[PDB]
Each structure stands twice: as C-alpha cells, then as structure tokens.
Amino acid sequence: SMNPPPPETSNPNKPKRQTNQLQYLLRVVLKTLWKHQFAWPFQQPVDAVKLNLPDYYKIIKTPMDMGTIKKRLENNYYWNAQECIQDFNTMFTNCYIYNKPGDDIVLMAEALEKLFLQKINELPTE
Ligand SMILES: Cc1noc(C)c1-c1ccc(=O)n(Cc2ccccc2)c1
C-alpha cells in the first residue's frame with residue numbers, strides 16, 4: 001500500500017503575503033498547539049501504511065496536519081490567515097469524519113480544537 005504525496009507546501013506561482021495575523025498563527029497558535037500533550041498524532045500526515053488503515057485515503061480526500069501547517073507558515077505559503085484557519089479546520093474535521101465520536105483520537109482532536117478556538121479569539125486585527 002502507498003500514501004499519497006503530502007499537501008503542497010511550496011509553489012512559486014502562488015502569491016504570498018506576510019500578515020501580522022499569520023505571524024500570530026505561527027508565533028502563538030501553532031506553537032501553543034504543537035506543545036500540547038495530544039499534539040503528536042497531528043504533527044505529521046496520517047501514515048496510513050504504517051497504521052494499517054488502507055481505506056483512510058479512500059475516505060479522506062483533503063488531508064491536512066500540523067506538520068504541513070507549520071511548513072506553510074514557516075516558508076510563507078499563505079496570502080491570508082483564513083487559509084491557515086481553514087487548514088486547521090480541515091485537520092479537525094477529517095479526524096471527526098474518519099473516526100468514531102468518543103474515540104481517543106477524537107478526544108485528542110477535540111482538546112486541540114478547543115484550545116485552537118480560544119487562541120483564535122485573540123487574533124490581532126488587520
Ligand atoms: C490524526 C488521525 N486521524 O485519524 C487517524 C487514524 C489519526 C492518527 C494519526 C496518527 C496516529 O498515530 N494514530 C493512532 C492513534 C493515536 C492516538 C490515539 C489513538 C490512535 C492515529
């Protein structure tokens with residue numbers, strides 16, 4: 001079995017822009033989630049080969065993880081904070097779609113997401 005190629009993190013044709021909101025997403029949001037004790041399953045793409053989950057990529061067609069998000073923030077992939085926010089939301093929603101409610105992995109995604117939303121409430125203007 002095989003894993004797909006990861007989501008794009010470099011593309012010279014895509015316009016990029018630093019915003020103070022993006023900077024906050026990296027400095028504060030990502031940094032804080034990354035260190036949480038339930039971050040580890042979300043720090044890289046789901047390795048469905050290693051995990052013996054051969055249907056994962058038949059079910060989840062827009063994969064996303066905090067590894068990818070960290071690369072997209074550190075090498076400036078985004079034009080705005082909403083694109084980055086959508087990546088986080090995709091990662092969470094994928095977990096809730098693939099797994100069952102009350103699964104441990106779901107409880108872990110849920111704790112991250114709660115923290116994510118708290119941090120998003122302090123997103124600076126502009
Ligand atoms: C994240 C994620 N979403 O769906 C799956 C499957 C994973 C995932 C990623 C790495 C990963 O190691 N797992 C196994 C695991 C981790 C914590 C608790 C229970 C099971 C699962």
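All residue numbers refer to positions in the sequence shown, counting from 1. Only heavy atoms go into these numbers, but all of them, side chains included; no hydrogens, no water, no symmetry mates. Note that ligands are numbered from 1 as they come in the structure, with each ligand's atoms numbered from 1 the same way.
- Near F42, meaning under 4.0 Å from one of its heavy atoms, ligand 1 places the atoms 1 (C).
- Between the side chains of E8 and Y77, at least one donor N or O sits under 3.5 Å from an acceptor N or O.
- Considering only heavy atoms from C-beta on, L25 comes within 4.5 Å of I120 through its side chain.
- The nearest heavy-atom contact from the protein to atom 11 (C) of ligand 1 is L51 CD1, 3.8 Å.
- Checking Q18 against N76 by side-chain atom types alone, a donor-acceptor pair falls below 3.5 Å.
- For ligand 1, the atoms sitting less than 4.0 Å from at least one non-hydrogen atom of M108 are 17 (C), 18 (C), numbered in the order shown with element in parentheses.
- If you check which protein heavy atom lies closest to atom 10 (C) of ligand 1, you get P41 O, 3.7 Å.
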### Task
Please step through side-chain contact (heavy atoms from CB on, under 4.5 Å) for the pair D65 and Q43, ending with a clear verdict.
CA-CA 6 Å; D65 66 278; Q43 288 176 343; over 6 Å; no
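- Of the listed residues (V46, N99, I97), the one carrying the non-hydrogen atom nearest atom 4 (O) of ligand 1 is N99.
- Counting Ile, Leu, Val, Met, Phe, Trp and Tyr side chains that sit under 4.5 Å apart, directly or through other members, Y98 shares a hydrophobic cluster with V46, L51, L53, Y56, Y57, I59, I60, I97.
- Taking atom 12 (O) of ligand 1 as the reference point, the nearest protein heavy-atom neighbour is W40 CZ3, 3.6 Å.
- Protein heavy atom at the shortest distance from atom 6 (C) of ligand 1 is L53 CD1, 3.4 Å.
- Between atom CH2 of residue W79 and atom NZ of residue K14 there is a gap of 9.0 Å, rounded to the nearest 0.5 Å.
- The shortest separation from a heavy atom of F38 to ligand 1 is not under 4.0 Å, leaving the residue out of contact.
- Of all protein heavy atoms, the one closest to atom 20 (C) of ligand 1 is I105 CB, 4.5 Å.
- By the definition of a contact as any protein heavy atom under 4.0 Å away, atom 17 (C) of ligand 1 is in contact.
- By the 4.5 Å heavy-atom criterion applied to side chains, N89 and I85 are counted as neighbours.
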